[PDB]
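K.L.:
need a structure here:
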Amino acid sequence: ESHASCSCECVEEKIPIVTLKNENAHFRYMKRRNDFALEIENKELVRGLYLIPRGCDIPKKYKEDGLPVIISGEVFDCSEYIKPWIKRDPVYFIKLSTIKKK
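P.N.:
Residues are numbered from 1 along each chain as shown. Please find the structure below.
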């Protein structure tokens, strides 16, 4: 179990989606973005959307494409992005509390 700290806060309103506890996931390297996302097993909770551990400094040992991991944290969106005029990358954000290699 590696504990983590995440500080990329929402500007307008945090919109909580779901809280994950000991969730199976895989890290996915995102070529265009050039960042790592998490794909979780329980697709029904996030519509299959990848989770961006935004602002979280992840230990280098987890940054491998396809690595199975076990994660906990708060999945959320930000209302500033929920606007009729906003075109967005379809993702949710996650504030990670723990990550473990599966």
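K.L.:
on contacts alone, who are the packing partners of the helix or strand hosting residue 29?
P.N.:
Element membership of residue 29, judged by DSSP states H and E, is strand 14-30. Other helices and strands packing on strand 14-30, by 3 or more Cβ pairs under 8 Å, 6 or more residues apart in numbering; DSSP states H and E, are strand 35-40, strand 68-78. C-beta: built from backbone N, CA, C; applies to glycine.
K.L.:
Now render the ones you listed as a markdown table, adding mean neighbour count and distance to residue 87.
P.N.:
Below are those laid out as a markdown table (neighbours: other Cβ atoms under 10 Å; distance: least, Cβ to Cβ, whole Å):
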| stretch | mean neighbour count | distance to residue 87 |
| --- | --- | --- |
| strand 35-40 | 20 | 19 |
| strand 68-78 | 19 | 15 |
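K.L.:
I'd like to know which of those strands lies nearest to residue 52.
P.N.:
strand 35-40 (5.6 Å; Cβ to Cβ).
K.L.:
ok, then the element right after the closest one?
P.N.:
Once the chain leaves strand 35-40, the next helix or strand it forms, by DSSP H and E, is strand 51-52.
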